[PDB]
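Dumped coords.cif below, it's mmCIF, C-alpha atoms:
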data_query
#
loop_
_atom_site.label_atom_id
_atom_site.label_comp_id
_atom_site.auth_asym_id
_atom_site.auth_seq_id
_atom_site.Cartn_x
_atom_site.Cartn_y
_atom_site.Cartn_z
CA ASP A 1 5.71 -221.07 -190.68
CA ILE A 2 5.36 -217.38 -191.53
CA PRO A 3 8.03 -215.09 -193.04
CA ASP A 4 10.55 -213.85 -190.49
CA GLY A 5 9.58 -210.31 -191.48
CA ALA A 6 5.85 -210.91 -191.15
CA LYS A 7 6.20 -211.72 -187.45
CA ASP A 8 7.10 -208.11 -186.67
CA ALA A 9 3.94 -207.04 -188.50
CA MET A 10 1.94 -208.81 -185.76
CA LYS A 11 3.95 -208.47 -182.56
CA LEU A 12 3.85 -204.76 -183.35
CA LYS A 13 0.11 -204.90 -183.93
CA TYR A 14 -0.14 -206.19 -180.37
CA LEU A 15 2.33 -203.61 -179.02
CA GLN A 16 0.33 -200.84 -180.67
CA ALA A 17 -3.00 -202.33 -179.55
CA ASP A 18 -2.02 -202.40 -175.88
CA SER A 19 -2.77 -200.44 -172.75
CA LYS A 20 -0.06 -198.33 -171.17
CA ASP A 21 0.85 -200.90 -168.50
CA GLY A 22 0.05 -204.18 -170.26
CA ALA A 23 2.74 -206.80 -170.30
CA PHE A 24 3.51 -206.04 -173.95
CA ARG A 25 4.41 -202.37 -173.47
CA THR A 26 6.19 -203.42 -170.28
CA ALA A 27 8.52 -206.00 -171.80
CA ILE A 28 9.53 -203.55 -174.52
CA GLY A 29 9.78 -200.72 -171.99
CA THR A 30 12.91 -202.46 -170.76
CA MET A 31 14.52 -201.91 -174.16
CA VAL A 32 13.60 -198.23 -174.00
CA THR A 33 14.97 -197.80 -170.49
CA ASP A 34 18.20 -199.63 -171.26
CA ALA A 35 18.72 -197.48 -174.36
CA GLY A 36 17.92 -194.29 -172.45
CA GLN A 37 20.31 -195.19 -169.65
CA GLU A 38 22.92 -195.99 -172.28
CA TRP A 39 22.51 -192.61 -173.96
CA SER A 40 22.76 -190.80 -170.63
CA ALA A 41 25.87 -192.78 -169.72
CA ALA A 42 27.34 -191.87 -173.09
CA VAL A 43 26.65 -188.18 -172.61
CA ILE A 44 28.30 -188.22 -169.18
CA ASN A 45 31.41 -190.35 -169.68
CA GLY A 46 32.03 -189.22 -173.24
CA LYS A 47 32.55 -192.45 -175.13
CA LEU A 48 29.84 -194.45 -176.85
CA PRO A 49 30.40 -198.07 -175.75
CA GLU A 50 31.21 -200.51 -178.53
CA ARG A 51 28.38 -202.68 -177.18
CA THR A 52 25.03 -200.88 -177.25
CA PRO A 53 22.35 -203.52 -177.79
CA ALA A 54 19.29 -201.66 -176.50
CA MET A 55 19.70 -198.61 -178.74
CA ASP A 56 20.45 -200.72 -181.82
CA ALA A 57 17.40 -202.87 -181.15
CA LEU A 58 15.18 -199.82 -180.75
CA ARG A 59 16.61 -198.49 -184.01
CA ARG A 60 15.71 -201.64 -185.89
CA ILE A 61 12.20 -201.59 -184.48
CA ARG A 62 12.00 -197.92 -185.46
CA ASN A 63 12.96 -198.71 -189.05
CA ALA A 64 10.37 -201.49 -189.07
CA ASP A 65 7.56 -199.09 -188.11
CA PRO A 66 8.46 -195.44 -187.59
CA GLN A 67 4.97 -194.12 -186.84
CA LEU A 68 4.84 -196.54 -183.90
CA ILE A 69 8.14 -195.85 -182.16
CA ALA A 70 7.68 -192.15 -182.73
CA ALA A 71 4.25 -192.37 -181.07
CA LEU A 72 4.97 -194.59 -178.08
CA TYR A 73 8.33 -193.19 -176.88
CA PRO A 74 8.71 -189.74 -178.43
CA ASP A 75 12.26 -189.07 -177.44
CA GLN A 76 14.05 -192.11 -178.83
CA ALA A 77 12.33 -191.15 -182.07
CA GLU A 78 13.99 -187.74 -182.00
CA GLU B 1 -6.74 -249.83 -138.38
CA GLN B 2 -7.04 -246.51 -136.55
CA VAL B 3 -3.37 -245.65 -136.98
CA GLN B 4 -3.76 -246.32 -140.70
CA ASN B 5 -6.63 -243.82 -140.76
CA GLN B 6 -4.40 -241.38 -138.90
CA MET B 7 -1.60 -241.74 -141.42
CA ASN B 8 -4.02 -241.06 -144.27
CA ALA B 9 -4.37 -237.58 -142.76
CA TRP B 10 -0.80 -237.04 -141.60
CA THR B 11 0.44 -237.77 -145.12
CA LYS B 12 -2.07 -235.29 -146.51
CA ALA B 13 -0.70 -232.71 -144.09
CA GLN B 14 2.85 -233.49 -145.20
CA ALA B 15 1.99 -233.18 -148.89
CA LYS B 16 0.43 -229.79 -148.21
CA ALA B 17 3.73 -228.85 -146.57
CA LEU B 18 5.80 -229.91 -149.58
CA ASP B 19 3.39 -227.94 -151.76
CA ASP B 20 4.15 -224.61 -150.11
CA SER B 21 7.89 -225.20 -150.12
CA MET B 22 8.10 -226.37 -153.71
CA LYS B 23 6.18 -223.27 -154.73
CA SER B 24 8.76 -221.14 -152.95
CA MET B 25 11.46 -222.91 -154.95
CA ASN B 26 9.63 -222.74 -158.26
CA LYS B 27 9.47 -218.99 -157.80
CA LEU B 28 13.21 -218.63 -157.29
CA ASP B 29 13.86 -220.86 -160.29
CA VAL B 30 11.63 -218.78 -162.53
CA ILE B 31 13.12 -215.54 -161.23
CA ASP B 32 16.59 -216.87 -162.01
CA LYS B 33 15.44 -217.85 -165.49
CA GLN B 34 14.10 -214.33 -166.00
CA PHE B 35 17.35 -212.72 -164.89
CA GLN B 36 19.23 -215.06 -167.21
CA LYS B 37 17.07 -214.30 -170.21
CA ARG B 38 17.58 -210.61 -169.47
CA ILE B 39 21.36 -210.91 -169.09
CA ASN B 40 22.02 -213.03 -172.17
CA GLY B 41 20.42 -210.28 -174.25
CA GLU B 42 16.65 -210.69 -174.36
CA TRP B 43 13.93 -208.16 -173.61
CA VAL B 44 11.76 -209.57 -170.84
CA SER B 45 10.99 -207.71 -167.64
CA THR B 46 12.45 -208.75 -164.32
CA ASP B 47 10.06 -207.07 -161.91
CA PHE B 48 8.42 -209.54 -159.55
CA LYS B 49 5.02 -208.46 -160.84
CA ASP B 50 5.81 -209.61 -164.39
CA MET B 51 7.01 -213.19 -163.96
CA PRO B 52 4.89 -216.03 -165.34
CA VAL B 53 2.41 -217.88 -163.13
CA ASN B 54 1.29 -221.47 -163.66
CA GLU B 55 -0.21 -222.85 -160.44
CA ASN B 56 3.17 -224.33 -159.54
CA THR B 57 4.26 -220.86 -158.43
CA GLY B 58 1.24 -218.81 -157.47
CA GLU B 59 1.31 -215.04 -157.34
CA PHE B 60 4.74 -213.52 -156.75
CA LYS B 61 5.22 -211.50 -153.59
CA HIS B 62 7.94 -208.94 -153.08
CA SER B 63 9.78 -211.10 -150.57
CA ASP B 64 10.29 -213.75 -153.24
CA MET B 65 12.80 -211.42 -154.88
CA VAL B 66 14.59 -210.28 -151.75
CA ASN B 67 15.08 -213.99 -151.04
CA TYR B 68 16.43 -214.47 -154.53
CA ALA B 69 18.56 -211.34 -154.37
CA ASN B 70 20.32 -212.40 -151.20
CA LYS B 71 20.84 -215.85 -152.75
CA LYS B 72 22.62 -214.96 -155.96
CA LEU B 73 24.96 -212.69 -154.03
CA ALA B 74 25.43 -215.54 -151.57
CA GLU B 75 26.23 -217.94 -154.38
CA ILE B 76 28.51 -215.54 -156.25
CA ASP B 77 30.46 -214.92 -153.05
CA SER B 78 31.07 -218.69 -152.94
CA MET B 79 33.00 -219.50 -156.11
#
Is it possible to give me this structure as structure tokens?
Amino acid sequence: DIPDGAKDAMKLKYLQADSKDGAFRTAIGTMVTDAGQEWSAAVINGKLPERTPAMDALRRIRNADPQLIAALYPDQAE
Amino acid sequence: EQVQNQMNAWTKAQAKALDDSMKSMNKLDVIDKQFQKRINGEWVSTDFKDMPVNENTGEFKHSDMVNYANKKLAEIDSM
């Protein structure tokens, strides 16, 4: 029964306080890989698909904590 | 009263044979649930080394995904 915006402030504490292979940074790593594959596919074909969920999700989690997404995956940050 | 004592052991050896074939169905059910949570738009891994384990499944081997992989394709072909 916590604010819906205070849950991020703890899931992200776990994601930050995790080893490089732990099952926290490995369930989010799927978002990063899907977004990266989407960006590559966009560069190659030409069109940005109207449905890009991975990149939008990574963008929201970047706006929630920028010094975390810039630190973990330093190319989606750029 | 010797055949009864024999059935007390034969039934134990049949329950240990429906324990290792309900595990190998629990694992395909949980792998399907993982693929379905990943398809419907949720961020959970689908590698066989990252499924959940609860003593109804045991540790996941690689061949418990091959089996699943040849069984969705088999089911999709039949529709």
Q: Please provide as number ranges by chain all residues within 12 Å of stretch 44-54 of chain A, with the sequence filter that same-chain residues fewer than 5 positions apart are discarded (counting all atoms listed in the file).
A: A: 28-39, 59-61, 76; B: 38-43
Q: Select, from B:34, B:21, B:4, B:11, the residue with the minimum atom-to-atom distance to chain A, counting all atoms listed in the file.
A: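 Ranked by minimum distance to chain A, first place goes to B:34.
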Q | Residues returned when the PyMOL selection byres ((chain B and resi 25-32) around 9) runs on this file, as a ChimeraX atom specification | A | /B:20-24,33-37,46,48,51-53,56-58,60,64-65,67-68,72
Q | All residues 10 Å or closer to stretch 12-22 of chain A, only C-alpha atoms, same chain fewer than 2 positions away omitted, as a PyMOL selection string | A | (chain A and resi 7-10+24-29+61+64-65+68-69+71-72) or (chain B and resi 50)
**Q.** Nearest-residue call for chain A, choices B:47, B:70, B:78, B:62, using all atoms listed in the file
**A.**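 Distance minimum relative to chain A lands on B:47.
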Q.
Quick check, in Å to one decimal: how far apart do atom CA of residue B:17 and atom CA of residue B:75 lie?
A.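 So the answer is 26.2 Å.
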